[PDB]
There are 18 protein chains.
Amino acid sequence: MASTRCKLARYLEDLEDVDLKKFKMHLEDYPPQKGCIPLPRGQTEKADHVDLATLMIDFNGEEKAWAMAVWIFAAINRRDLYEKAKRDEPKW
Amino acid sequence: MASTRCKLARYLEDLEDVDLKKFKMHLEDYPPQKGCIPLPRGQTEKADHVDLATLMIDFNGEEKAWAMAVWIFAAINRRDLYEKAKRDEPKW
Amino acid sequence: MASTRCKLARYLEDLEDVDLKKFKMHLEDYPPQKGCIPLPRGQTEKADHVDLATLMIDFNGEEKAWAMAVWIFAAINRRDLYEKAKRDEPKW
Amino acid sequence: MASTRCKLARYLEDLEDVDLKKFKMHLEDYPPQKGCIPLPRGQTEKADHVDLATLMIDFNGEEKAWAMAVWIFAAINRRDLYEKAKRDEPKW
Amino acid sequence: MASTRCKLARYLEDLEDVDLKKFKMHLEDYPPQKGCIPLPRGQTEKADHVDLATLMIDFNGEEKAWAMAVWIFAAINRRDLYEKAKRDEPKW
Amino acid sequence: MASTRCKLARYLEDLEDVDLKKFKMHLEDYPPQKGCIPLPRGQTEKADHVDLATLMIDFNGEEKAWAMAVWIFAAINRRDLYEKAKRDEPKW
Amino acid sequence: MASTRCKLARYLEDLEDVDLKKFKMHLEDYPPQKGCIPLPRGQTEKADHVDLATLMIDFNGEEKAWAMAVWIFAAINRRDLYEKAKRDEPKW
Amino acid sequence: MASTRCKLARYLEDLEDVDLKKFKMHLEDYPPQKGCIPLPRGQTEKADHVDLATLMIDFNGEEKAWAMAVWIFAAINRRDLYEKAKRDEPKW
Amino acid sequence: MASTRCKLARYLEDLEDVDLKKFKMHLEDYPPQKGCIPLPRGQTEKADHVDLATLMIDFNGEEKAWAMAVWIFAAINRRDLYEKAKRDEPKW
Amino acid sequence: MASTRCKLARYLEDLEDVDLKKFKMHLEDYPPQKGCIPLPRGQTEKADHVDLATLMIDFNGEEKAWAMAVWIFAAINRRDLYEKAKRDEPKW
Amino acid sequence: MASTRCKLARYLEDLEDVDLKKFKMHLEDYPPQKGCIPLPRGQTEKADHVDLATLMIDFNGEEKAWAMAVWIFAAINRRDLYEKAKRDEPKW
Amino acid sequence: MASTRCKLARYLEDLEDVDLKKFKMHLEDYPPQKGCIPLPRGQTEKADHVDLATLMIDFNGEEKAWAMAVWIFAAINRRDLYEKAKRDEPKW
Amino acid sequence: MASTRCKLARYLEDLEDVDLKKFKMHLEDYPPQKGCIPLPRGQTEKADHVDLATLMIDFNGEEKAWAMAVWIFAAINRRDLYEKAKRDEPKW
Amino acid sequence: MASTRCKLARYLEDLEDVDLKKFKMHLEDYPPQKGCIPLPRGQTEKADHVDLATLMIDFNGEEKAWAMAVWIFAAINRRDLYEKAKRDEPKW
Amino acid sequence: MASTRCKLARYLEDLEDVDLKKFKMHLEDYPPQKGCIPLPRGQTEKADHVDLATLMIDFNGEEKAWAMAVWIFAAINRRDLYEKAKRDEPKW
Amino acid sequence: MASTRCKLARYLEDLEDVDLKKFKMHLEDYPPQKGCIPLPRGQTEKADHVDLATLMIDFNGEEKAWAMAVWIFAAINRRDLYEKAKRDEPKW
Amino acid sequence: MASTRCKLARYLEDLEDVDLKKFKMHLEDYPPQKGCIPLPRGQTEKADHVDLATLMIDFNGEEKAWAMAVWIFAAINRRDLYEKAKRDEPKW
Amino acid sequence: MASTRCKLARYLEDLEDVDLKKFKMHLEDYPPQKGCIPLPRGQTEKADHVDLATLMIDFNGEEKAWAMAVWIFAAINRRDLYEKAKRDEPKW
């Protein structure tokens with residue numbers, strides 16, 4: 001029942017040291033024909049697991065932020081979290 | 001026997017570096033059907049552990065401020081402080 | 001006569017290199033119908049033997065933390081520590 | 001009643017020194033028309049018997065991870081474990 | 001007056017090259033309706049005469065570990081050690 | 001009442017120096033239309049009487065391992081052991 | 001002849017990486033029926049070996065700070081420092 | 001369909017412990033008459049498999065980064081990856 | 001369609017922690033025979049990524065500020081941003 | 001249907017103690033006018049039967065690795081394996 | 001004339017590969033009615049011959065550490081070192 | 001030939017991060033029977049290496065300030081600077 | 001054609017983790033009869049590879065800074081960089 | 001002609017992995033009637049071969065630091081370095 | 001056409017387990033009247049076959065590094081590599 | 001004038017193939033009322049003529065080891081060596 | 001013309017399997033009134049023919065190491081090497 | 001057309017049990033005025049027929065290795081192999 005900001009923070013909180021690096025690297029180079037906007041390298045590189053989820057939402061809004069998170073989870077082969085996100089997607 | 005402002009400051013003083021970040025993030029996105037009012041992102045982001053407890057009370061009053069603190073403690077999984085708050089709640 | 005936090009730290013301090021890995025892996029995937037909450041993969045993976053016992057208690061409280069520790073000791077076949085925990089359980 | 005992660009870890013824990021090497025070599029070169037994704041050589045080569053089962057699941061999900069484990073057991077002629085896995089497959 | 005761990009290590013220390021192999025092979029395939037739990041093939045196969053006695057106790061506890069050792073001594077026809085164990089069994 | 005692994009080891013333990021060589025040579029060249037899989041020359045050549053029975057079972061499973069052992073006993077003219085095996089075959 | 005603040009800093013300066021963590025964990029959970037007051041988790045967690053000795057004294061005064069340090073040294077099994085403190089206790 | 005940064009990271013992720021060392025050593029001493037610029041020893045030496053692919057591109061651009069990766073794969077005798085890169089080269 | 005001030009701020013916003021330091025160091029020591037004027041060490045050293053782009057333009061005007069930014073990007077080996085700037089240069 | 005890496009490993013697995021030594025000695029001194037590259041003495045000397053087949057392929061690619069294996073089998077007079085390889089050569 | 005820490009390190013330095021294992025196993029299970037405190041399994045298992053003598057003293061103090069070392073030397077049948085220790089015991 | 005204020009600033013400028021903390025802690029608790037006056041905790045805690053030397057002189061005068069600096073250098077074991085100060089003391 | 005500040009930064013950027021430490025240690029203790037002035041321990045110890053080259057020049061001027069860098073490169077046995085500096089020395 | 005700090009660093013740089021551990025252990029327990037001051041366990045334990053020589057000098061001054069180094073070299077049986085130090089002692 | 005660093009690494013890569021030990025032992029005790037500088041025991045002892053060739057060049061430069069390698073090859077009786085080096089010496 | 005260890009090794013070195021077997025068999029079953037401790041079957045069975053004399057002394061000390069050797073020589077009817085030992089017994 | 005370390009290594013390299021064992025046993029029990037220091041049992045027991053000559057010199061210096069080697073050669077009846085050493089002794 | 005290493009291995013492979021012993025004994029005592037270098041007793045004594053031919057070449061090079069083999073064949077009266085070698089000598 002909490003805000004999306006907490007949902008997203010919890011999943012990002014589940015990514016271990018390397019996974020986070022790879023996730024950040026997908027955010028910065030997000031493919032440019034999906035209506036999503038890539039993130040600046042500086043802010044992302046310095047940002048923590050709860051400063052990363054507060055940036056993704058600010059840049060793209062809830063709907064798009066969730067889609068990005070799901071897609072990137074698939075892209076870095078974290079299928080446990082990919083399946084959990086897809087089954088726990090809010091009804092917008 | 002001191003003012004609630006000190007009680008609240010002591011618990012917030014017990015939250016370590018990351019916990020505080022998560023606590024602030026729950027205050028800013030507090031769920032909107034509980035008669036509580038969310039806090040502005042700027043003041044919260046800059047505020048210290050004793051500037052955070054002086055803001056929560058100013059925005060919502062004692063009763064509501066305490067309920068918010070208890071609920072957020074539960075929400076970020078700091079059950080030691082959650083149980084301590086619930087057992088030390090003033091008689092309003 | 002010391003706090004539970006020290007009791008738990010001592011047992012975790014008794015787990016050798018591999019055992020700790022297996023213990024962490026049981027915490028992260030704790031079976032979900034026991035009123036206990038699983039731990040995030042990142043914090044657990046980085047956490048030391050005294051940073052693991054300070055996390056288990058924060059997430060679930062004393063009673064549940066002790067039950068989890070006992071059960072996991074049984075689950076990874078460290079019966080010396082399982083029997084010692086069960087005979088040294090505080091009276092809550 | 002424990003998570004699949006423990007089931008898989010137990011079988012991998014049953015593979016002796018050489019068998020593990022051969023198992024890793026089948027994971028890295030898994031045949032590419034079975035809907036399964038091969039694993040990177042670096043992470044596999046460094047990974048322990050409980051770091052191998054936490055990687056297989058992350059890459060392919062439970063269902064596929066189990067099928068891969070069963071097939072590879074057959075492929076390296078460990079028929080005791082092959083038969084045990086097939087008779088102890090969870091109902092997904 | 002020393003811990004059981006030393007008692008067990010001394011007997012295992014008395015098994016010659018082949019006997020140890022046969023002992024390990026009985027531990028791994030221990031008959032499954034005696035309330036005792038078999039040992040993993042990897043750890044046993046690599047384990048020394050003092051790493052074997054520290055594993056048996058960890059898996060099954062003192063009482064059961066001693067019973068297993070006595071029974072296996074009988075099973076591999078080392079009756080000198082079988083008789084010595086039975087006459088030197090601690091009072092639990 | 002012990003595992004098949006011990007049964008097989010006992011018979012192999014009954015083969016004298018030359019017989020073992022001949023037995024190994026039948027395992028490596030087992031006739032290929034009986035649903036049984038031949039063994040690699042390296043592992044067999046180095047393997048002891050208890051490392052030979054732990055390999056046969058791993059390659060072919062109990063049922064087939066026993067049939068192979070019986071047939072080879074017949075093939076190398078060790079009719080005492082052939083008759084003993086056939087009369088002591090477990091009920092699978 | 002220097003202030004207690006330096007004495008305490010020197011001993012804390014003698015605790016290696018892990019010991020300091022354990023010391024901090026005893027300060028935060030100091031047993032509550034000894035007339036001593038526990039320390040907040042945030043300040044302790046961030047505090048250095050000379051910021052830890054300046055906090056203990058501020059919270060409890062010299063006499064109590066020294067008693068706490070001695071007791072905790074005993075509690076974490078640093079008996080060299082425990083014996084040195086007890087023999088070098090100022091005459092208050 | 002992902003950015004080159006991910007392609008390159010995946011191959012580098014496929015280099016095992018020693019291979020990475022050798023790859024880094026070819027980057028630092030890249031032959032100076034190919035229009036490519038060598039990398040500084042410090043940043044390379046500290047950089048991870050995903051911090052190495054984010055540095056190569058920043059120093060030389062996509063086209064040149066890919067050519068360098070292909071050539072070095074050839075140079076350290078990792079012909080599987082050399083052939084895979086050459087067949088999966090983007091159309092610039 | 002926004003003012004150059006925003007364009008420049010966005011690129012500077014893309015420089016990570018160290019890159020910014022190096023960029024500032026090129027601004028302060030800009031080579032003196034290009035019709036461009038170097039920046040004072042104090043203001044540059046204190047200036048943020050949006051206080052750096054508001055200073056470069058004030059000192060040299062749009063045309064020259066853009067040329068300086070492009071050249072420095074080349075000079076610190078950030079070829080992604082160098083190529084992006086050159087392809088997105090306004091028609092003055 | 002498995003990767004060439006397994007095919008090659010199986011044959012190498014069929015070479016007995018001395019044969020392997022001779023095979024390694026032919027790899028290290030492979031005749032230099034056949035478009036094949038010899039292997040370093042260190043890695044070969046330490047490498048196991050499954051670490052030898054993972055090295056040959058990495059150095060020369062599938063086609064050449066298979067040709068080398070066939071030729072060396074002929075060279076050390078293991079005509080059973082030579083004939084089996086030639087009749088089981090994949091269609092590249 | 002050097003500190004006890006060096007004396008103890010020298011004797012431990014005299015224990016060969018297996019002896020050290022047995023010594024560690026006596027430290028971990030030291031009999032509990034001698035006023036001596038057993039050592040944790042993790043730290044002992046990882047500790048070197050000079051990290052073992054720095055742990056024994058820290059846990060029990062000089063007097064007790066020496067008595068423990070002498071007794072264990074007797075217990076593992078290293079009578080040369082047992083006699084040397086007893087004749088070279090400092091006057092406390 | 002410059003004012004003492006510069007001499008003192010240069011030495012304080014030579015104290016690294018931790019040393020400065022320890023130096024400040026000796027100033028605040030300076031032993032009270034030497035005719036020197038201790039410094040307030042607030043101003044010292046906020047003061048820089050050139051704001052520390054401008055405070056010491058203001059509180060105690062040149063002669064006493066120099067003596068204090070020399071003594072504290074001795075007290076925190078910075079003997080290089082202690083010896084340099086003593087040999088470069090002005091003739092008052 | 002860039003300022004000396006960039007030249008120096010590039011070489012310092014080429015020193016790996018330990019080398020930098022050793023370089024800093026030579027700067028702080030530069031031999032005192034060469035007309036060069038040593039650097040303060042605090043600023044050097046905190047300074048980065050681009051904050052080290054901006055300090056050396058500020059303290060001694062271009063000519064002397066370059067001579068110092070060359071000499072120290074020789075002193076810490078980085079002869080590749082020593083030879084490169086000597087061949088790329090500007091004409092002052 | 002370089003500072004003692006470099007001389008000492010070079011010898012410490014000559015001590016291999018274990019020797020360094022033993023050297024550190026002699027520094028921490030230096031015998032207390034030689035006018036030399038022992039080093040704290042924390043700083044020593046974390047300190048590198050060039051952070052160890054910068055600490056010894058800071059604690060005791062050149063003369064004493066050199067004497068300590070020579071004596072400890074003798075104490076850990078590194079007679080090559082002991083003889084080299086004694087023949088290369090500066091004239092103070 | 002690659003850098004000397006690769007040439008040297010390839011030959012060192014050709015030295016088997018013992019040869020490398022002997023090579024390292026010649027580097028550390030290189031005869032002192034040849035204008036070459038010996039290597040420190042610590043770095044050499046820990047260094048790999050590609051960390052050994054990156055150290056030799058850094059200490060002595062290309063020309064001298066090659067001469068040292070050739071001479072040591074002769075000294076440890078690896079005449080195949082000695083002859084190959086001498087015939088493949090670059091024209092400096 | 002050499003250590004007893006050499007004396008004992010020389011006599012054991014004088015026992016021919018069978019004699020050694022018989023000697024080992026007397027050590028393992030040494031009669032239990034002579035203040036001497038029997039040897040484990042494993043270590044004895046594997047031990048060489050110089051690994052047998054280094055074990056006897058370690059288990060029982062010089063005096064007892066010599067008495068055991070003399071008695072066993074008598075027991076296996078090697079009277080030449082029995083008489084030589086008795087006439088060459090050290091004065092303890 | 002090489003260092004003594006190589007001379008000694010060559011002779012030790014000439015001792016066959018058993019001789020080395022006997023040599024090690026003389027080093028460990030070297031007679032104690034010759035100004036030479038015995039070697040620890042652990043390091044010697046694990047040490048190779050080039051790790052044995054690097055230990056003898058480190059413990060006793062060249063002169064004494066050579067005398068020890070000559071004497072032990074005489075003691076184990078390797079008179080060829082004894083005579084060769086005595087005729088090839090360096091002039092110290 | 002294979003490397004000399006195989007030629008030599010084939011002839012050595014033709015020497016029966018005793019002949020090999022005699023061959024080894026001629027290698028170790030090769031007459032010292034022929035420009036050939038004798039082999040160490042340890043490596044030769046342990047070396048197999050393919051480890052003997054890989055040692056002879058490494059010590060003396062092809063030309064000399066072949067001459068040595070021919071001469072020794074003559075010396076031990078294996079004239080069939082002597083004549084075959086002389087007629088099959090490569091043209092160097």
# chains A, B, ... in the order shown; residues from 1 in each chain; ligands from 1

call {"tool": "residues_around", "arguments": {"residues": "stretch 46-53 of chain M", "least_positions_apart": "3", "cutoff": "6 Å", "atoms": "only C-alpha atoms", "output": "ChimeraX atom specification"}}
result
/M:8-9,12-13,43,56

call {"tool": "interface_residues", "arguments": {"of": "chain C", "to": "chain D", "cutoff": "9 Å", "atoms": "only C-alpha atoms", "output": "list in words"}}
result
residues 18, 21, 22, 25, 26, 29, 30, 31 and 75 of chain C

call {"tool": "residues_around", "arguments": {"residues": "residue A:27", "least_positions_apart": "3", "cutoff": "7 Å", "atoms": "only C-alpha atoms", "output": "mmCIF file with N, CA and C atoms, in the first residue's frame"}}
result
data_model
loop_
_atom_site.group_PDB
_atom_site.id
_atom_site.type_symbol
_atom_site.label_atom_id
_atom_site.label_comp_id
_atom_site.auth_asym_id
_atom_site.auth_seq_id
_atom_site.Cartn_x
_atom_site.Cartn_y
_atom_site.Cartn_z
ATOM 1 N N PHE A 23 23.193 -2.670 -13.747
ATOM 2 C CA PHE A 23 21.886 -2.045 -13.835
ATOM 3 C C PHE A 23 22.062 -0.576 -14.183
ATOM 4 N N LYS A 24 22.993 0.065 -13.485
ATOM 5 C CA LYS A 24 23.304 1.463 -13.725
ATOM 6 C C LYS A 24 23.733 1.617 -15.175
ATOM 7 N N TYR A 30 20.127 3.359 -22.103
ATOM 8 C CA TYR A 30 18.832 2.778 -22.422
ATOM 9 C C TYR A 30 18.489 3.000 -23.891
ATOM 10 N N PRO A 38 17.273 8.328 -21.171
ATOM 11 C CA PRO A 38 18.424 7.894 -20.380
ATOM 12 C C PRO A 38 18.787 8.887 -19.287
ATOM 13 N N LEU A 39 19.531 8.372 -18.267
ATOM 14 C CA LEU A 39 19.971 9.070 -17.070
ATOM 15 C C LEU A 39 21.403 9.588 -17.210
#

call {"tool": "select_by_dssp", "arguments": {"residues": "stretch 9-81 of chain M", "states": "alpha helix (DSSP H)", "output": "VMD selection string"}}
result
chain M and resid 9 to 13 17 to 28 41 to 46 53 to 60 62 to 75 79 to 81

call {"tool": "write_last_selection", "arguments": {"atoms": "C-alpha atoms", "output": "CSV table (one decimal), in the first residue's frame"}}
result
chain,number,residue,atom,x,y,z
M,9,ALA,CA,48.7,14.8,-14.7
M,10,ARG,CA,49.0,12.2,-17.5
M,11,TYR,CA,52.2,10.7,-16.1
M,12,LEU,CA,50.9,10.7,-12.5
M,13,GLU,CA,47.7,9.1,-14.0
M,17,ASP,CA,48.0,2.2,-6.6
M,18,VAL,CA,51.3,1.4,-4.8
M,19,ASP,CA,53.6,3.5,-7.1
M,20,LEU,CA,51.5,6.6,-6.2
M,21,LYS,CA,52.1,5.9,-2.5
M,22,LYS,CA,55.8,5.6,-3.0
M,23,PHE,CA,55.8,8.8,-5.2
M,24,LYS,CA,54.0,10.8,-2.5
M,25,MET,CA,56.6,9.5,0.0
M,26,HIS,CA,59.5,10.8,-2.1
M,27,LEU,CA,57.8,14.2,-2.5
M,28,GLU,CA,57.4,14.6,1.2
M,41,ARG,CA,52.2,15.5,4.5
M,42,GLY,CA,48.5,16.4,4.9
M,43,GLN,CA,47.8,17.8,1.5
M,44,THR,CA,49.8,15.2,-0.3
M,45,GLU,CA,48.3,12.3,1.6
M,46,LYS,CA,44.8,13.4,0.6
M,53,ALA,CA,50.3,17.5,-10.2
M,54,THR,CA,48.5,20.8,-9.4
M,55,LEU,CA,50.3,20.9,-6.1
M,56,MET,CA,53.9,20.1,-7.3
M,57,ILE,CA,53.7,22.9,-9.9
M,58,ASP,CA,52.3,25.4,-7.4
M,59,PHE,CA,55.1,24.6,-4.9
M,60,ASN,CA,58.1,24.7,-7.2
M,62,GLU,CA,57.4,24.1,-14.0
M,63,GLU,CA,61.2,23.6,-14.5
M,64,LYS,CA,61.7,22.3,-10.9
M,65,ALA,CA,58.4,20.3,-11.0
M,66,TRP,CA,59.5,18.4,-14.1
M,67,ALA,CA,62.9,17.7,-12.7
M,68,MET,CA,61.4,16.4,-9.5
M,69,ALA,CA,59.0,14.1,-11.4
M,70,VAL,CA,61.8,12.7,-13.6
M,71,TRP,CA,64.1,12.1,-10.6
M,72,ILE,CA,61.4,10.4,-8.5
M,73,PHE,CA,60.4,8.2,-11.5
M,74,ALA,CA,64.0,7.0,-11.5
M,75,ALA,CA,64.0,6.6,-7.7
M,79,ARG,CA,62.0,3.4,-16.0
M,80,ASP,CA,59.4,3.3,-18.8
M,81,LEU,CA,58.0,6.6,-17.5

call {"tool": "atom_distance", "arguments": {"atom1": "atom CA of residue G:15", "atom2": "atom CA of residue G:82"}}
result
11.7 Å

call {"tool": "decode", "arguments": {"residues": "stretch 26-39 of chain K", "atoms": "N, CA, C and O atoms", "output": "mmCIF file, in the first residue's frame"}}
result
data_model
loop_
_atom_site.group_PDB
_atom_site.id
_atom_site.type_symbol
_atom_site.label_atom_id
_atom_site.label_comp_id
_atom_site.auth_asym_id
_atom_site.auth_seq_id
_atom_site.Cartn_x
_atom_site.Cartn_y
_atom_site.Cartn_z
ATOM 1 N N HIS K 26 42.031 -29.337 19.190
ATOM 2 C CA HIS K 26 42.024 -29.411 20.649
ATOM 3 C C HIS K 26 41.673 -28.062 21.258
ATOM 4 O O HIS K 26 40.993 -27.994 22.285
ATOM 5 N N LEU K 27 42.126 -26.979 20.628
ATOM 6 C CA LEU K 27 41.759 -25.641 21.084
ATOM 7 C C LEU K 27 40.255 -25.432 21.016
ATOM 8 O O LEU K 27 39.647 -24.915 21.956
ATOM 9 N N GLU K 28 39.630 -25.845 19.916
ATOM 10 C CA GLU K 28 38.202 -25.596 19.754
ATOM 11 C C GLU K 28 37.370 -26.392 20.749
ATOM 12 O O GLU K 28 36.260 -25.977 21.092
ATOM 13 N N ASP K 29 37.859 -27.557 21.173
ATOM 14 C CA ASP K 29 37.074 -28.433 22.084
ATOM 15 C C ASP K 29 37.786 -28.584 23.425
ATOM 16 O O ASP K 29 37.730 -29.675 24.002
ATOM 17 N N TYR K 30 38.401 -27.516 23.910
ATOM 18 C CA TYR K 30 39.154 -27.597 25.151
ATOM 19 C C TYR K 30 38.240 -27.963 26.314
ATOM 20 O O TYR K 30 37.133 -27.427 26.427
ATOM 21 N N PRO K 31 38.659 -28.879 27.180
ATOM 22 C CA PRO K 31 37.753 -29.424 28.191
ATOM 23 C C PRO K 31 37.338 -28.345 29.171
ATOM 24 O O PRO K 31 38.173 -27.542 29.609
ATOM 25 N N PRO K 32 36.060 -28.286 29.536
ATOM 26 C CA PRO K 32 35.473 -27.023 29.994
ATOM 27 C C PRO K 32 35.602 -26.771 31.488
ATOM 28 O O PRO K 32 35.046 -25.782 31.970
ATOM 29 N N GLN K 33 36.323 -27.614 32.223
ATOM 30 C CA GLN K 33 36.469 -27.382 33.653
ATOM 31 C C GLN K 33 37.933 -27.237 34.033
ATOM 32 O O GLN K 33 38.430 -27.946 34.916
ATOM 33 N N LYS K 34 38.576 -26.259 33.406
ATOM 34 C CA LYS K 34 39.967 -25.931 33.667
ATOM 35 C C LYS K 34 40.167 -24.411 33.697
ATOM 36 O O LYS K 34 41.303 -23.938 33.655
ATOM 37 N N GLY K 35 39.076 -23.645 33.767
ATOM 38 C CA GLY K 35 39.195 -22.202 33.792
ATOM 39 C C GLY K 35 39.671 -21.588 32.494
ATOM 40 O O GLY K 35 39.983 -20.394 32.470
ATOM 41 N N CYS K 36 39.748 -22.370 31.423
ATOM 42 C CA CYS K 36 40.131 -21.915 30.097
ATOM 43 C C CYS K 36 38.900 -21.844 29.204
ATOM 44 O O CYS K 36 37.930 -22.575 29.403
ATOM 45 N N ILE K 37 38.939 -20.947 28.233
ATOM 46 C CA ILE K 37 37.802 -20.667 27.359
ATOM 47 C C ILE K 37 38.127 -21.196 25.968
ATOM 48 O O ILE K 37 39.192 -20.875 25.430
ATOM 49 N N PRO K 38 37.266 -22.012 25.366
ATOM 50 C CA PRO K 38 37.503 -22.454 23.992
ATOM 51 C C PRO K 38 37.423 -21.312 22.990
ATOM 52 O O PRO K 38 36.815 -20.271 23.236
ATOM 53 N N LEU K 39 38.045 -21.547 21.801
ATOM 54 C CA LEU K 39 38.176 -20.621 20.687
ATOM 55 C C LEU K 39 37.105 -20.859 19.623
ATOM 56 O O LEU K 39 36.650 -21.986 19.430
#
